[PDB]
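Listed next as structure tokens is one chain, alone, in the form deposited in one PDB entry.
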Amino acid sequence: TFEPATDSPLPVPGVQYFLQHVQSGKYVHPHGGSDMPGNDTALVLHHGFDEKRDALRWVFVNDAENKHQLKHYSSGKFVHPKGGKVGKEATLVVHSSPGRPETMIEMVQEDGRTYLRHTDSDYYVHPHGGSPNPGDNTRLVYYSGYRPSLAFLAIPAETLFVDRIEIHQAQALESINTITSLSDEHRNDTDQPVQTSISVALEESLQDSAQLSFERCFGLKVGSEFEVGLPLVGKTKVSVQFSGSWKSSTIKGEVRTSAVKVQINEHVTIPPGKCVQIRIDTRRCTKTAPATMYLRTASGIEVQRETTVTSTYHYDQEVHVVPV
């Protein structure tokens, strides 16, 4: 189950988020709720939420023009300290002016929780008055220091595409095993060699699996199913379809193809008066690999998320006729 106390993800720049004060469950709004808030309009906490409400969307910006800043999505205004310098009890406001070093703001992780902090300072974002459960329209201010009641959750507010997942080949660990299976015995009780068909079913013992796992939670919305190629054995690509939620720290995959058979039917020449069986050796690669996810916004912005790919894949298989 999802717990923000351990699982709140760090937001990726360029992506739309809602911002929620964890302990009150309130969202960060421009005071008054406008899609076009006025310059020096205060950021406040308010219970009000609808997924369709663009006035509640925020985007972290980190580039040459705006290094460590925070943008109101619907207006394009930046989050500034009222008056233009961070200090004690400076109200967070929107303003249609570029960010500066003295306005920098980002989400940070401190002791296992996520906070808003003015970069290169000990000033963090507090509800004015410092209530752990502030009421609607409580303004957000900079103030020195943090504590758990101040934590925020950046909830993803748009749906991204998964373009590819590239494993870090130097950190990939592979453990190989052989799964060995035997058919029913077949006897040729005649005095002449005989063509016979020996069949065996192995669905249960050759089951493939795969998953992505995350330190906090995945933290991004990509829809109910996505498919990518992953190197489940050496560099060999196998398509895996994943179904999960932004809140999951483990996203289960379904391995979509197999290089091996789970129903075997072998044409055997059985010598006179001999008994034989088929032996099936199937190789299994259990793999763990740190990887980088390559994602993309509808607007064409390319973002990255680190993960770990864990998998079990049956990849080569051999069939031998053996005496009983």
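Take the two forms, find the largest set of C-alpha atoms that superpose within 1.5 Å, and that set is the rigid core. Throughout, we count residues from 1 along the sequence that is shown.
What follows is about the form deposited in another entry, which we do not show.
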**Q.** Core-superposed comparison between this form and the one not shown - Cα displaced by 2 angstroms or more, from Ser245, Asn137, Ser205, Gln171
**A.** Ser205
(Q) Please state whether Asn265 has a C-alpha shift of 2 Å or more between this form and the one not shown, with the rigid core used for the fit. (A) yes
Q.
Once the core is aligned, does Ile280 move its Cα by at least 2 Å between this form and the one not shown?
A. yes
Q | C-alpha of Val108 off by 2 Å or more between this form and the one not shown on rigid core | A | no
